[PDB]
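Following this are structure 1 and structure 2, which are two forms of one protein chain, each written alone as structure tokens.
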Structure 1
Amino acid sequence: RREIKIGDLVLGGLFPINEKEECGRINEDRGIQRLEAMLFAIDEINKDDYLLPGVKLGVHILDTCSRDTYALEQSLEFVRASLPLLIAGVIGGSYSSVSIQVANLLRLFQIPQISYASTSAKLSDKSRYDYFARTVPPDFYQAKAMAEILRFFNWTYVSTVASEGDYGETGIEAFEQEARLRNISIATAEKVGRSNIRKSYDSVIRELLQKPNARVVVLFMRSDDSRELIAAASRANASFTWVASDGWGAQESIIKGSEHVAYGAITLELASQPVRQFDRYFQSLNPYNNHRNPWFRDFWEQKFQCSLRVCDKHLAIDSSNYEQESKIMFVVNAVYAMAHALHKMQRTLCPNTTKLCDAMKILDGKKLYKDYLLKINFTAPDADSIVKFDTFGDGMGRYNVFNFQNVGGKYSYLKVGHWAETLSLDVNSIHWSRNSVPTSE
């Protein structure tokens, strides 16, 4: 159990820095990189003369270990005081089950919360999650997006595999409704997960195979389940055309060591433009300059398969081993959205000072969330670039459609489409099959 404690007002941070003894493997892109996007954002605001000057932001950043129980154990730190550092708002978590588990504790103490990745439609329930907001859309849209992809290609008989829990179940139920409207019948609907209600990944692949007419299999699954289902498929000589949600997205980790069985996959992911300034930041970090991050050496030891095999002192994060994670944009926006609301509240309460006046000493969370956090700023570095929340505190339903191919020896994810309110595709760009040399024996 490590942490990042640094400010006049402090922000809580929650990231899945670790994965599966249920913490033991670093999450390089969705963990380490995301954490550092919050650290970059806090340094940037703390230098911004126009946004929140005279009020320096500090942090309390904690690991969720990709589990809601761990996340809740961790979140007690942000509320121990109200039972030493006084947390204004919480940035995180990533995963919907975590974000839900945290929101349950944080609403009791009136702490605003902003997720940069939790897409579960369950979180749009403002009666229940009255202190939660997110820079991402609900999966009501992603399900409609995927349904529309099937409709376009006339995928009339498909199967579904979904993760149990707060992301997959809600996810696939919307898909099921969206499919029903577009005259799409589900061949087999299976569910995967830790509980004893669920079949094995090998049993699920068998249920998909025992339905030969369904070549397309829709996935509303987490990354761990996605990696496991793909492995079970490889272990069965099963070749399906996967259409997967952001849980899989454009991630190499899911497909690593099982490239052949996933070839021709169509994965979604939220529409984002890389924050170029952050590219310079991350790349500048190394295990000798970055002391503020307690997990950074474990990350560095992992990414480079060496010890601190011994690492080379001259090693660096660069274009040869790095590409900005798809949702980094959303991490920065979540930090900035929090910072803008605090600025609005201060300009009201303390108009004759930049500083945190007597009127803003005891923070009113209910006022901070409802009267302020529902703001409008142009995303910090054309028209759909403004950070805002709907009445339910959700972000905009905008997605990029990807295709898993072999460009010429190197496996990668190519953008083949987008979803705004309607769908668009570059059909000629998509590769549905592996370019495998014929066999003559």
Structure 2
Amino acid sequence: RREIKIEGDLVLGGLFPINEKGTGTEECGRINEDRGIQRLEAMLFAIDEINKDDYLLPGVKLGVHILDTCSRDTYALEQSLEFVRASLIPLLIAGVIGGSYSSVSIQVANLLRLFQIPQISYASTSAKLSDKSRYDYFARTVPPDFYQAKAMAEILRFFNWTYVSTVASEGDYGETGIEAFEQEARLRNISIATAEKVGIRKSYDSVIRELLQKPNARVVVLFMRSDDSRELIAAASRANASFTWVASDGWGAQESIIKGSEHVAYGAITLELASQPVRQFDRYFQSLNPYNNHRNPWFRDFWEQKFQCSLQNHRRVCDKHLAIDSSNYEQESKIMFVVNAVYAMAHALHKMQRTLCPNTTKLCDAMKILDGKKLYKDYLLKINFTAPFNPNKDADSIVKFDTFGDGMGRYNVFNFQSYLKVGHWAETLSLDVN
């Protein structure tokens, strides 16, 4: 199999959806450029930055064992066995960075707790992962999706919107989120007219009718995914219904949802995961090409797929001058979370080495037989640090986890006109005038 194995005094395992879930027969499909290639390179970028940082793990070199998940649960577990074979050629696995999808992260967390291997995910937002009776070694730099509920209800409780109607998607997201919203609304005196769930355009048209049948609530709180949100706005367009929507990140600040139904959408309050681009990362990512990137065994497949050419005769040959640049690259939204996950692990290990190895920077016999239980509970859960590549080194650039290992809730608010950043929800709400 394909992998990135780089020796180090301590090794962080990594799991990324380098490939899309394979079609019917096959395990893996094409290369996931954004969630796969970029997120993987952001790990390598952070490891490289930590290994040049004399104030972080000055005498401990970080190594990596990066593996593809193929955006599948089973494939990720088979791969994860490398991290656990080690725990017993396999390396000194101090922790695991990943995965992306929550189904992957859940299955990996299930294997990892058995061997006391700390795990930080940069993208898995399911609420299930907050259950420490099941995922006791899991932590994440991204907040759980249920925090959007707390935030959305605060946007209502500010604007005193007490009589509100709700629509929710089917599955883990909609159901766990809306249930969290209901409970947070009940806590803040807010009432529900109709709780419509959604598993044909006529089905969404039926939901709009039930939303009209209670004309008392103008405010409709939405906790749906992208495709669901887009077809319920077109369903509100067909019936020409005028509702002020307060939607989750499934809608967010994207054009996909509002395409051809802009009129019915005006003045909708949406949520989006606040993230700041890692500038130094853009420079590193764009500098990569098949001539300089031999350490990534997927980079040639990535390149060949991106530029639709062959590096190697009925295929068109790749131009030696092709480049990842401003015309074809835009930093993936979760890069900041990948970098912060890697550094949280580095910060935890650095405080551990500092404590367990008095009068040395080097990995002493105590750290050599790593107590994962101690690393997670005593170091990882107790670290707070300014994000490494955040320009404004303020209180909202602090990387910390609550008692459940969940990252800090940081969402932005977006008004519709044209999406406009009308505020944020950190621990508390913030809005302007729109």
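By convention here, residues take numbers in order along the sequence of structure 1, the first being 1. Under this definition, the rigid core comprises the largest set of C-alpha atoms superposing within 1.5 Å between the forms.
- Once the core is superposed between the two structures, every option in 219, 338, 123, 331 stays below 2 Å in C-alpha shift except 219.
- Relative to the larger rigid part, the smaller one turns by 29 degrees between the two structures, according to C-alpha superpositions.
- Fit the two forms on the rigid core and the C-alpha of residue 360 turns out 1.4 Å off between the two structures.
- Core-based superposition between the two structures puts the Cα shift at residue 29 at 0.3 Å.
- When the rigid core is fitted, residue 151 shows a C-alpha shift of 10.7 Å between the two structures.
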